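There's a structure below that I have some questions on.
Lettered A, B, C, D, E, F, G, H, I, J, K, L, M and N in written order, each chain numbered from 1.
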Amino acid sequence: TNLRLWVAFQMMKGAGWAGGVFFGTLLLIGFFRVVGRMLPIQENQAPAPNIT
Amino acid sequence: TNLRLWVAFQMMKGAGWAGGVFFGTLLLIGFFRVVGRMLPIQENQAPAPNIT
Amino acid sequence: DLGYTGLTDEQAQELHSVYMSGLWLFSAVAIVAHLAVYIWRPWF
Amino acid sequence: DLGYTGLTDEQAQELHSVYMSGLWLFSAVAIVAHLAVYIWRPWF
Amino acid sequence: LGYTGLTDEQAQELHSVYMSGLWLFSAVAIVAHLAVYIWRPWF
Amino acid sequence: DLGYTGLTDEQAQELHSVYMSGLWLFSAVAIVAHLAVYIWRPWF
Amino acid sequence: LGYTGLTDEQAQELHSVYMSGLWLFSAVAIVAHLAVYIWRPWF
Amino acid sequence: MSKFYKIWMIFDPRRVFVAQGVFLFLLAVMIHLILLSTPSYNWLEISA
Amino acid sequence: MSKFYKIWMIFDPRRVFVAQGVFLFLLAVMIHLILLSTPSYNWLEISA
Amino acid sequence: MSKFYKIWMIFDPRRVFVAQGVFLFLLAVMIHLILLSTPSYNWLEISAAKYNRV
Amino acid sequence: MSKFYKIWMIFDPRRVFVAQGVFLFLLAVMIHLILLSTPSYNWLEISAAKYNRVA
Amino acid sequence: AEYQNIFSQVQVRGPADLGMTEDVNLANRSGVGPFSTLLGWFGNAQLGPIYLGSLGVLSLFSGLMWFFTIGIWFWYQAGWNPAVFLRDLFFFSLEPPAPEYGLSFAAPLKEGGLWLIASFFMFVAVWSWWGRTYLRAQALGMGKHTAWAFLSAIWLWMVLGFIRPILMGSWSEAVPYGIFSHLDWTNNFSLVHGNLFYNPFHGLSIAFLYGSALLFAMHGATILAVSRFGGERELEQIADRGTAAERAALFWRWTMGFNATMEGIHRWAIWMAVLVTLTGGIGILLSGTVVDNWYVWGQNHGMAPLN
Amino acid sequence: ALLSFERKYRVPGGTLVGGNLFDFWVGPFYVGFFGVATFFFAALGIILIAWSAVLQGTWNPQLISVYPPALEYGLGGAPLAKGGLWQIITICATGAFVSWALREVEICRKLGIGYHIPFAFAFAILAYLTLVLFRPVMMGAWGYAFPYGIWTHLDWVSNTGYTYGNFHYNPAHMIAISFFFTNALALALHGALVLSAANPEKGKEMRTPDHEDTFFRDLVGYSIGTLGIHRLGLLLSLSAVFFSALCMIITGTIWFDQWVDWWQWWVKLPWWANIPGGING
Amino acid sequence: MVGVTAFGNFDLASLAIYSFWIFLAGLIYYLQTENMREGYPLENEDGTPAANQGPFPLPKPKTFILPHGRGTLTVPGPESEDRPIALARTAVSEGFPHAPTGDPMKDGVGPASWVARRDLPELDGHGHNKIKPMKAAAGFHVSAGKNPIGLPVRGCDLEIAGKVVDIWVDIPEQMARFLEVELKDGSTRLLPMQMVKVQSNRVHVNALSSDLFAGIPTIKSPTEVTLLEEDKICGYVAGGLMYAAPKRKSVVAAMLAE
């Protein structure tokens, strides 16, 4: 029953959940990055859909 | 009092300690990498001390 | 009934079933990750 | 003595001292990190 | 003879469980060695 | 009957008989292993 | 003189077993040398 | 600032600490990404 | 393998789970670094 | 061979499993690093030359 | 060579088995490494040349 | 973040301890000097008394004349300029004679002759002091361990300056009297003799010099760890083994399998340091007289990849 | 396998990791969690050294040399045959050392003694990590570390030492060498003094601590005391290592020219840089 | 003799290096045997001599003639614990911890252990008591640092359990050894100076909690302390580090708590 650890554990608990969610999001972004690289996008890719 | 969480909490506890130690080690390695980059090592650097 | 840890036989069985379930779940995800990499870059 | 959370005044003082101590420790490390970066790359 | 305090039956149960683990470990090893030998023999 | 280890003669005989059986098993695997190597690549 | 503490009768039994170990070790070695001398004599 | 402790009689402590952990991590993530966005201060690029 | 549960009467469960967490993380770190060591399988380089 | 269970009458299972766990993992890591070192059986290198990863 | 069982009256079974386990493993590791050093009997190098894995 | 016993947290200052009087002539013993609070934080605060007998006087006179002769040559090299004297203090040197003169005493006073005079004073100074360590131990009835531990140091000191030059037949092989010169002499010694690193005896001395640091760090930390049980009083632990001696024994027994005693650890201590110079003297003695190049010697003895 | 007094100190507790999972003794050794890591890293490190001898093609123990990766590989991975093994051994050596220090910590807590010993050992590890990790990382190449050979890690010392001329002129080196010489001087004096007081002339009684102080006061006029000398022993060793770690971490990182050139600042002080006579001008 | 080789590459330098290996092997043997004068012969975990004694044989006994007519000490010799060890075997196989049967701090086992030393005060070279209170010490006074006398004594539980009254001083070494802490019951206990941290305003004893201060073994004479009393006091306090961990309020203690 240590107060300093208890407060740090709570803040680490929140930071871990935010960390897992952020790391999970990066996993999806990385997955689609890998799939796009695997597929022949660069060989033939569409022009810009909107004016830059 | 959930057994599945309790076991996962222990393994996450060990993985966190190993993670902090490994991340702390990388912090020291990164710190010395930054300091070496800041210092003029590349401008004048010693030859190989041992035969490659 | 050696009792080195003091856990009864029933508790050992329950804990092992929990541990094995996590082990197969961990094994399953690792297999998927290995399939993904082998598709991306086979090592054989 | 509003008692919205039920904590007594003494517990609030003890918790705040714990929270402030961590806050200054967190502030101190951040200052060191900002000094390190400003030495490496000033932003002014 | 007594060193670890196990009775004769407790050792027999302990050894049988241990041997079960050994053969399970050995079986994966034999499967692994066949897989490697097929993929690339070393003889 | 020096008995430095405290084992009785009967205990020594039983321990030795199991030990020799383990030794002959170990030797038997080695003899097969050497036959396999000598057939595949003799060193004489 | 009993520095070790064992009796002469224990000493005799230990020596008889020890020499049996020695002659067994020597007998293997003599056969080991005979095979090597035939295969590659050193004289 | 001698009575800021009383805010823990307003907001439950453990709830705030979890929320503050989320806020601090996301804020740390927020600033680091902005630095990576700029062509300078991008440590992953200037090193190489 | 029907009596592997008895290993928890040999080794204390919580102690093993902490140690196994350390072992699994370090093993995961071990393999990933070896992959980065090879010129291929280095995902941080082939992408760029 | 049927009397090999008596090894546990001599050796405590707690110390043996720790000793055996270290030994097997040490042995397993030993062999994998031996294969990696040699140009052949370096399966990471084999696929790279086979699939022109260079 | 019949009374060799009396070695266990002199030597503690626990210490010998640990010593023998360490001895056998290190002896076995030593002999394998000796073979691997020589270009012949390095079965890793042998199979590479036999099946032409050099190319 | 607790008390580590590295520095005393309180000092007590009682009357000065005049020491034992087994067979020490108290007439030759001086009075008690001051009490140093700065020294008291680490160790004892009391300075003195110091015994001054016949060998003490001979040690000081030769020691002073050795120190004085180097100083006068240091002033002459400075042109008697105090500013130059402080500027080139480390760069001053009392070089031994040139190689042409060999072992002859015909060297000019400004070309090596003065060094022979200064070296003679040091020779008498050190040997007289060694007897002083011997006689002080004999006076109190203690063992001669310091006398023979010192003789290990003299062996290296004799070799560098006296014995090796005689075998090489030249005073030029000896050591100059200077801060940077005897550093340069050290570096030039290795380069001439072909990478003195590959000297087997020089390697051994480094082993025991590293080991002395290893053993004293181990021993000093051990006693400070068990100082909470009064383990620093090692003589009583030798006489009557307390719990500190047992824990100190057990820590190293559980750490590295084997341990020592409270008295046997100091046998390791004396032999670890004695071999530093003992192997050192042989290592320097062989260089030049037996081996003119250690790396070539290393090649022919399977220490270098070539040959 | 137990001393005549060892039993009463063999009690549970004091472990940092694992509790009673690894809290047992193998012979005299205490295992602990970190001892298991110690044995694995020690055994793995030793085998890879032996395996590196196979790849090198030599079996002479003195010729065995695990060279670090060449300068071209920088601070990345390397092939196991040409530097990669050294990185694995260094990781194994680092793991073995830190696990050994932490295992000593567990033994300290079990015995209730201070943590001076593992703190003293940690100084050696940081000295070790200076050469293999901290200095090469700053210089940006594992090749600046030293090979794991008996006589090839001396080549590294000689080559690195002569990169900067005579390395004796390193000022941090001079401090550390004075400490190393002083520590060995203190150890010989300290070891000899206690033996002289404990093994005196035949027939005479075992001497007391007062004779130890009396001897060194009659010798050099000052006795540091039984507590002081062990404090002195610890601090002399750690200071020697601290300055030795410092001397290398500034070499090739902050100072790049000959170390003798450094000392000219004292000669070039404004008030005597131009006075004629002496050695310099 | 430059290059003079008796045979092969063996020369005078080779002669010396091998002759030293023989000398060093002999010297290591000699040093190790000297270390075997204490704690040997080895014993089983029950108390009987073990079947294993080591590769190094025991040395020929030597006799230490103790000062001040205390007698002689011949080692190696028959050494006995001379106290009941309140420990219980936790496993029939050896190399396993022994758990305390009752309260370990009171039973003098584990980190709180102590040895049956001679029950006499330790003497200086002049035959007087080496450790005496500063009040009975002639002329001794605090020379530097914060004077701990009068400061409150705070335990590891952050609770004051008394105040310092007197300081005990090693008269030859002239350094403080014990703090005489007076408790709330009027009695004074001895605390080793190595186990206390005299802060600006208080004496923080991290080893013991406030309730454990009363449990420190007491001295038979207020003017002197014997070797046996020193071990009991030093053992008890240092045993508090592991046996008062539940009562310690430190953050690191909580992290390392079971």
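Just so it is clear, a contact is a pair of C-beta atoms (placed from the backbone, for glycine too) under 8 Å apart; a residue touches a chain by one contact, two chains touch by 3 or more.
With steps allowed only between chains in touch, the distance from chain A over to chain J comes to 2. Shared contacts of chain G and chain K, meaning chains that touch the two of them, come down to F. Core chain by CA centroid proximity to the global CA centroid: M. Inter-chain centre distance (chain C to chain E, centres taken as mean C-alpha positions): 19 Å. A separation of 48 Å divides the Cα centre of chain B from that of chain F. Separating the CA-averaged centres of chain A and chain L is a span of 64 Å. Chain B and chain D have Cα centroids separated by 26 Å. Across the assembly, chain J contributes residues 4, 6-7, 10-15, 34, 36, 40-41, 44, 46-47, 53 that each touch 2 or more other chains.
Across the assembly, chain F contributes residues 1-2, 4-5, 7, 11, 14-15, 17 that each touch 2 or more other chains.
Under the contact definition stated at the top, the residues of chain M that touch 2 or more other chains are 3, 5-6, 9, 19-20, 24-27, 47, 51, 84, 111-113, 155, 198, 204, 206-211, 213-214, 225-227. On chain G, the positions that touch chain F within their shared complex are 6, 10, 14, 39. Contact residues of chain C toward chain J in the complex are 2, 4, 41-44. Those residues of chain N lying in contact with chain F across their complex are 51. Of all residues in chain J, those touching chain F in their complex are 1, 3-4, 6. Those residues of chain C whose C-beta lies close enough to touch chain I in the complex are 2-5, 7, 9, 11-13, 15-17, 19, 41, 43.
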